Amino acid sequence: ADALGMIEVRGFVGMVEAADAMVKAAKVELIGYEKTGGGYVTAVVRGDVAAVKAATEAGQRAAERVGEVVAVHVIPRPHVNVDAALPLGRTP
Amino acid sequence: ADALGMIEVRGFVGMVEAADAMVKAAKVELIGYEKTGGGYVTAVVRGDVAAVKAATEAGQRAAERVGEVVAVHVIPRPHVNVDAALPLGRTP
Amino acid sequence: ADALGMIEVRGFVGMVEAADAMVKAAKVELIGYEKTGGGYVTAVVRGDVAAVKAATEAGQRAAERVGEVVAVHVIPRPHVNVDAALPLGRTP
Amino acid sequence: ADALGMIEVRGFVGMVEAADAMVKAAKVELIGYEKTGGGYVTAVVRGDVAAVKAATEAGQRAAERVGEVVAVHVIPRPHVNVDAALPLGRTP
Amino acid sequence: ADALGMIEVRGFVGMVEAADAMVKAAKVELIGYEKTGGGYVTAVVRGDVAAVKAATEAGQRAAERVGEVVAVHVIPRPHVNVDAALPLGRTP
Amino acid sequence: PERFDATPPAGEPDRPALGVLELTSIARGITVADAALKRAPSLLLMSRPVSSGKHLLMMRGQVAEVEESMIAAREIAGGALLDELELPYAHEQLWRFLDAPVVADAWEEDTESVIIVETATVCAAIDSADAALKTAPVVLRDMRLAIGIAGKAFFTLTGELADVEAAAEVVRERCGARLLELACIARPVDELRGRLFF
Amino acid sequence: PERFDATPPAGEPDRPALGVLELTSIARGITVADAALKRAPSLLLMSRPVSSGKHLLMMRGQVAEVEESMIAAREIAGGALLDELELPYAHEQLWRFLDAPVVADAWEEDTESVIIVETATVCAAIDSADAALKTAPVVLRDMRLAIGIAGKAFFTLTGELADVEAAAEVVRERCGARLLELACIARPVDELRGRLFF
Amino acid sequence: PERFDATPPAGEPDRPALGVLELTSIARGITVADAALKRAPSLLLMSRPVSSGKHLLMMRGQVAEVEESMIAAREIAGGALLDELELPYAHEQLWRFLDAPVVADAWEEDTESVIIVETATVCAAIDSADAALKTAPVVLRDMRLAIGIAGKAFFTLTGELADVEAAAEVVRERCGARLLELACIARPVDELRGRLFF
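This is the structure:
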């Protein structure tokens, strides 16, 4: 269905700055944050591919001002097994 | 029981990308994901050995571009004690 | 039915180690063994073609350590007359 | 009645490969096998002479790849005492 | 099920000597011997792995005097298809 | 045309043996063809001028009939000759993909994987389709023989992913140098399942 | 023959983009198609083997979806790629000329002049046609894309002479080396107007 | 489509000539056709894109009109003009083989022999055929002109064995080098007579 954008920041503060600049800068929807422990947290946005691809190039230039960014990545199509198994906010 | 593939990466973004590449590049069934703390996460797929030896082989290509690949390993047929006493999805 | 794997050993012990390492390293069914006199025995496994294709090349690597290995060969799909005439475990 | 073709192999796996090759490359009818002790196993095909002279010329070519072929021979029209006494499937 | 050890000797006398040394030098259960023609005979003992793993490497030394010991092997846990489909002592 | 059927009818002798000739001339097509019919009574399935100007001969019969027709063909040809093939027993699924290109438009629901493969000549594609249908339980879906695409010929096999891996191994055995390219699609998109060439 | 229209109804999203790829192989061609439909939900128009043995891929979609599928398809094609084309907004008069090779029977009476232009690939033809429509008020009459005529592809515009010369100025630089010959016929005879290929 | 008959109707003037142009560029094809109809009013039979991208122009009229249009067509084309033909009097058995390739489905009772002949260009095929059947009592059966076989064109004649060998002699004289391979048959196989391409 909808696409996927992920920002992984080493620190909570850079993740909140990324997840705020994305929802301000484009028409995306923040739907939660994944804690892995050790210092890494991941903000996850969902929209169509014209939205998250434009939001993450604002989120990454935001989160490279207050901290360290691990791996910005955009998945334009989540497959139904990943969408049903991993906590991506669109699991039915 | 069935065969086993697993991709461990240091980063949740790399694990979602690897799970997407696995379940798109073959016919596996993603049973979940395992967290071990410190940012190490492990995506776990099942199936026959033909699907998973191509699934993890494509997931390693799609996970060295984003995160950091800990270990790609494919178990052809694990012993029933392993799936009895490890969170690998195939508890009888 | 399914594909066919065989390990030919001049020796019962190489056959038993071969037929152990085949059935551990895949999901195959050891339908049994075939004696042709003079020590040439044959461990015969059945199962899907990637499974037996891994299984016999695990059994050959674990069977050349102790004994002579004459023939190891995987038939990817035996003909119906081959099962109907030769005692290959899948004779209806 | 029908023509005769044979493959004799040291090793059961080579005879099974020869039998599968003879029944796949041409249209014959594998009737059984003869294990004369000491490892010499012999597959026997029964069919009209033009077909079996094409079957066994592939059976030899496949059976030499996995083992040692003792003898390949095609009888175009065996006498009725041969099928009546030696057991080649056409036994009255 | 239980661990397994086997001595294949060319010759009956070396097999009986190896069987003597195995069932005296440890606490095993000799389930007999398999003959495959040509003089090759395999004495099969079956017990826990600490017993058989020293019994076989005492019987090899004690029966190398009389016969040319072809193969010596220990399997610490044979798989259920090996026990169920091959005559190794604990057929269910 | 009902001569392209796999098995013959009950009042007909059994003709499993097939022979394909691919020629770089059309006059040599008729000369090689009627020399083959003069030598042995072979049922000639098709004699067709297909694209890249080549000529396509398919003859059918019993085993010695097709062998003798092909030996007279390959001695009368040389020197316009591109490729030859003489199969003693073609697979039963092959016979209905020889008259015209038959595209497939509906796979099964459990159809897992597809191997699509093209070869430069024609006889390589037919030899590869037969030698892959014999060695794996795969189902040939569609195939085109040199018409419309300038001599080159392709086909798609479907089935279990391990079976199409084994079929890829045997196609790579039997083509070698005539193989153009091969693709082992493991699990296609749902918008390409059956509705593949369109 | 219904997903080729320039506009959909209200229930369907509008898909103005265009992603075309012409490839020298078909196996890598259809793996390229499979990866492009994996990466983004591109409504694939057609996937067809055209003459001189090439594979022709066309897809609609929104602009970002087609551009995502084009970067994935350009990733997998790298080699067997021959030409590509990505249009953010195709002209409305183009859409009925892609699949069916359409020739015209008669023009209008006020139609003065014609310009015929042939390109060696096909994506150059569609690229230059869509560039020429969006720069001069001309009317596209007929267009043949690689079927029959062995890979090459042509089309003819009409209209007033100044418009077709301005369209010629655009096409002889938008094509590049892929142009073959472009004729600015100022006044075709009454025996030939409206019916150029018959 | 009554323009492909041998004799014109009673309300029409006689048109015995025939002018053939075979070009490599299609756009120059319609340019040369335009200029040849601008100069002298030849009744244009066909302007068709055929395979290997060639373009065939065939015009028809009296001898002088076709001659003058063809000399205009010579000077306009030069230099993508591949081949050219001017016939003052095309033979009566020829005119029904120029639209679509009509294949022979049946023959006569005493058709003694058949001869197949191909040329690389269609112009040489028409020229050699028209030179043949005016200098022998042969009957032309089938004729394919580069559609779907990428440039080459063939045809078959029938009749007496001495007649078809004399027609072979006059084809081999009147063609020179564009003849690729001619093939004579003394006695075609009774399993093949008539059913010639199938």
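Chains as they are written, first to last, in the entry's author numbering: chain LC, 2 to 93; chain LB, 2 to 93; chain KE, 2 to 93; chain KD, 2 to 93; chain KF, 2 to 93; chain N, 5 to 82, 86 to 205; chain M, 5 to 82, 86 to 205; chain O, 5 to 82, 86 to 205.
C-beta: ideal position from N, C-alpha, C; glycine also.
query: Which residue from M:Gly33, M:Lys58, M:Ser56, M:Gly57 puts its Cα closest to that of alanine 77 of chain M?
result: For the purposes of this step, residue 77 of chain M is taken as the residue at position 73 of the seventh sequence. Minimum Cα distance to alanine 77 of chain M is reached at M:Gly33.
Item to complete: Check the Cβ of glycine 86 of chain N against every Cβ in chain O and list those closer than 8 Å, keeping chain order.
Response: Here residue 86 of chain N is taken as the residue at index 79 of the sixth sequence, counted from 1. Correct list: empty, because the minimum Cβ distance to chain O is about 11 Å.
For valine 196 of chain O, would you say it is in contact with chain N, using Cβ-to-Cβ distances shorter than 7 Å as the test?
Position 189 of the eighth sequence, counted from the first residue, corresponds to residue 196 of chain O. So, interface residue.
Quiz prompt | Nearest candidate by alpha-carbon position, reference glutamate 188 of chain M, set O:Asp106, O:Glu198, O:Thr28 | solution = Residue mapping note: residue 188 of chain M aligns to position 181 of the seventh sequence, counting from 1. When each option's Cα is compared against that of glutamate 188 of chain M, the closest is O:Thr28.
Checklist entry - The alpha helix (DSSP H) with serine 73 of chain M in it runs from where to where? => result Translated into positions along the seventh sequence, residue 73 of chain M becomes position 69. Run containing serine 73 of chain M: 67-80, per the alpha helix (DSSP H) assignment.
Report the neighbours of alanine 27 of chain KE on chain N: residues whose CB is nearer than 9 Å to its CB, in chain order. Position 26 of the third sequence holds residue 27 of chain KE. Correct list: empty, because the minimum Cβ distance to chain N is about 11 Å.
- For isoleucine 123 of chain O, which residues from the same chain have a beta carbon less than 6 Å from its beta carbon, with the 5 sequence-adjacent residues on both sides left out? On the eighth sequence, residue 123 of chain O is found 116 positions in, with the first residue counted as 1. Answer for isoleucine 123 of chain O: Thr163, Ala190, listed in chain order.
Does any C-beta atom of chain LB lie closer than 7 Å to the C-beta of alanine 52 of chain KE? Your numbering for residue 52 of chain KE matches position 51 in the third sequence. Yes - at least one Cβ of chain LB is within 7 Å of the one on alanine 52 of chain KE.
Please state if the CB of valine 196 of chain O and the CB of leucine 92 of chain O are separated by a distance shorter than 7 Å. The residue given as residue 92 of chain O occupies position 85 in the eighth sequence. The residue given as residue 196 of chain O occupies position 189 in the eighth sequence. In this structure, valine 196 of chain O does not lie closer than 7 Å to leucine 92 of chain O by Cβ.
**Prompt:** Which bits of chain KD does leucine 87 of chain KE rub up against, with CB to CB less than 7 Å?
**Reply:** For the purposes of this step, residue 87 of chain KE is taken as the residue at position 86 of the third sequence. Simply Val17, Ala20, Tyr34.
Practice problem: Using 10 angstroms around the beta-carbon of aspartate 9 of chain O, count the other beta-carbons present and answer buried if the total reaches 16, otherwise exposed. | Solution: As a first step, residue 9 of chain O must be located in the eighth sequence, where it is residue number 5. Exposed, by the Cβ-count rule.
Between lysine 36 of chain LC and the rest of its own chain, which residues show a CB-CB distance below 6 Å, the 5 nearest in sequence each way excluded? Counted from its first residue, the first sequence places residue 36 of chain LC at position 35. Around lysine 36 of chain LC: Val42.
| Residues bridged to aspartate 149 of chain O (per DSSP) | As a working mapping, residue 149 of chain O is identified with position 142 in the eighth sequence. O:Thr163, per the DSSP bridge assignment.
Within the continuous alpha helix (DSSP H) that includes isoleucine 34 of chain M, where are the two ends? Within the seventh sequence, numbered from 1, the residue matching residue 34 of chain M stands at position 30. Where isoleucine 34 of chain M is concerned, the enclosing alpha helix (DSSP H) stretches over 31-43.
Exercise. Which residues, taken in chain order from the stretch 132-146 of chain N, show a beta carbon closer than 7 Å to some beta carbon of chain KE?
Worked result: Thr142, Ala143, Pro144
For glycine 48 of chain LB and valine 53 of chain KF, I'd like the C-alpha separation in whole angstroms.
The residue labelled residue 48 of chain LB in the question sits at position 47 within the second sequence. The residue labelled residue 53 of chain KF in the question sits at position 52 within the fifth sequence. Each residue's alpha carbon lies about 37 Å from the other.
### Message
Along the chain, where does the alpha helix (DSSP H) containing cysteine 130 of chain O start, and where does it finish?
### Response
Position 123 of the eighth sequence, counted from the first residue, corresponds to residue 130 of chain O. Run containing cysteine 130 of chain O: 129-139, per the alpha helix (DSSP H) assignment.
Q. What is the DSSP secondary structure of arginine 91 of chain KF, counted as helix, strand or coil?
A. Within the fifth sequence, numbered from 1, the residue matching residue 91 of chain KF stands at position 90. Of the three classes helix, strand and coil, the one that applies to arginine 91 of chain KF here is coil, per DSSP.
Practice problem: Using the Cα positions of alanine 26 of chain LB and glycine 15 of chain N, report the straight-line distance between them to the nearest angstrom. | Solution: Mapped onto the second sequence, residue 26 of chain LB falls at position 25. Mapped onto the sixth sequence, residue 15 of chain N falls at position 11. Distance between the alpha carbons of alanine 26 of chain LB and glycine 15 of chain N is about 51 Å.
Practice task
Could you list which residues in chain O have their beta carbon closer than 9 Å to that of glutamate 176 of chain M, in chain order?
Solution key: Taking the first residue of the seventh sequence as 1, we reach residue 176 of chain M at position 169. Residues of chain O passing the Cβ test: none, with the nearest at roughly 17 Å.
Subject >> Euclidean distance between Cα positions of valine 73 of chain LB and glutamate 125 of chain M >> reply: Sequence index remark: in the second sequence, residue 73 of chain LB carries index 72 (1-based). Sequence index remark: in the seventh sequence, residue 125 of chain M carries index 118 (1-based). About 52 Å.
From the beta carbon of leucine 168 of chain N, is the nearest beta carbon of chain LB less than 7 Å away? In the sixth sequence, counting from the first residue as 1, residue 168 of chain N sits at position 161. Chain LB contact via Cβ: present.
- CB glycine 60 of chain KD to CB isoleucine 8 of chain KD, shorter than 7 Å? The residue labelled residue 60 of chain KD in the question sits at position 59 within the fourth sequence. The residue labelled residue 8 of chain KD in the question sits at position 7 within the fourth sequence. Result yes, Cβ atoms of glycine 60 of chain KD and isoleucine 8 of chain KD sit closer than 7 Å.
Can you list, in chain order, the residues of the stretch 39-69 of chain KD whose Cβ is nearer than 7 Å to any Cβ on chain N?
-> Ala51, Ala52, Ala55
Look at the Cβ atom of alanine 113 of chain O, then the Cβ atom of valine 129 of chain O, and state whether they are nearer than 7 Å. Reading the eighth sequence from its first residue, position 106 is the one you call residue 113 of chain O. Reading the eighth sequence from its first residue, position 122 is the one you call residue 129 of chain O. For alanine 113 of chain O and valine 129 of chain O, no; Cβs fall outside 7 Å.
* To do: Assign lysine 58 of chain M to one of three DSSP states: helix, strand, or coil.
  => For this step, residue 58 of chain M is matched to residue 54 along the seventh sequence. Strand, per DSSP.
- Excluding five sequence neighbours on each side, which residues of the same chain lie with their C-beta closer than 6 Å to the C-beta of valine 75 of chain KD? Residue numbering aside, residue 75 of chain KD sits at position 74 when the fourth sequence is read from its first letter. Cβ neighbours of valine 75 of chain KD beyond the five flanking positions: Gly6, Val53, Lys54, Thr57.
Answer with buried or exposed for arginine 151 of chain M, where buried requires no fewer than 16 other C-beta atoms within 10 angstroms of its C-beta. Numbered from its first residue, the seventh sequence carries residue 151 of chain M at position 144. Label assigned to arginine 151 of chain M: buried.
| task | List in chain order: all unbroken beta strand (DSSP E) runs of 3+ residues lying wholly within the stretch 9-37 of chain KF. | result | 31-36
| message | Under DSSP, the beta strand (DSSP E) around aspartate 90 of chain M begins and ends at which residues? | response | As a working note, residue 90 of chain M is residue 83 in the seventh sequence. That run of the beta strand (DSSP E) goes 88-94.
query: Pick from N:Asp18, N:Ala31, N:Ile30: whose alpha carbon is nearest that of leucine 47 of chain N?
result: In the sixth sequence, the residue the question calls residue 47 of chain N occupies position 43. Measuring from the Cα of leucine 47 of chain N, the nearest candidate turns out to be N:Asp18.
Per DSSP, cross-strand counterpart(s) of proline 53 of chain O
The residue you call residue 53 of chain O lines up with position 49 of the eighth sequence. DSSP lists O:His59 as partners of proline 53 of chain O.
Say whether chain M places a C-beta atom closer than 7 Å to the C-beta of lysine 159 of chain N.
On the sixth sequence, residue 159 of chain N is found 152 positions in, with the first residue counted as 1. Chain M contact via Cβ: present.
| At which residues does the alpha helix (DSSP H) containing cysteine 191 of chain N begin and terminate? | Against the sixth sequence, residue 191 of chain N aligns to sequence position 184. It is not in any alpha helix (DSSP H) - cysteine 191 of chain N instead sits in the beta strand (DSSP E) that spans 186-192.
Report task. Assuming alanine 174 of chain N and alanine 143 of chain N form a contact by the criterion Cβ under 8 Å, report the distance between their Cβ atoms to the nearest whole angstrom. Result -> Here residue 174 of chain N refers to the residue found at position 167 when the sixth sequence is read from its first residue. Here residue 143 of chain N refers to the residue found at position 136 when the sixth sequence is read from its first residue. Between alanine 143 of chain N and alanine 174 of chain N the Cβ distance is about 4 Å, and since that is below 8 Å, they are a contact.
Quiz item: chain N beta carbons: is any one of them nearer than 7 Å to that of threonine 35 of chain M?
Solution: Translated into the one-based positions of the seventh sequence, residue 35 of chain M becomes position 31. Closer than 7 Å to some Cβ of chain N, the Cβ of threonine 35 of chain M qualifies, so yes.
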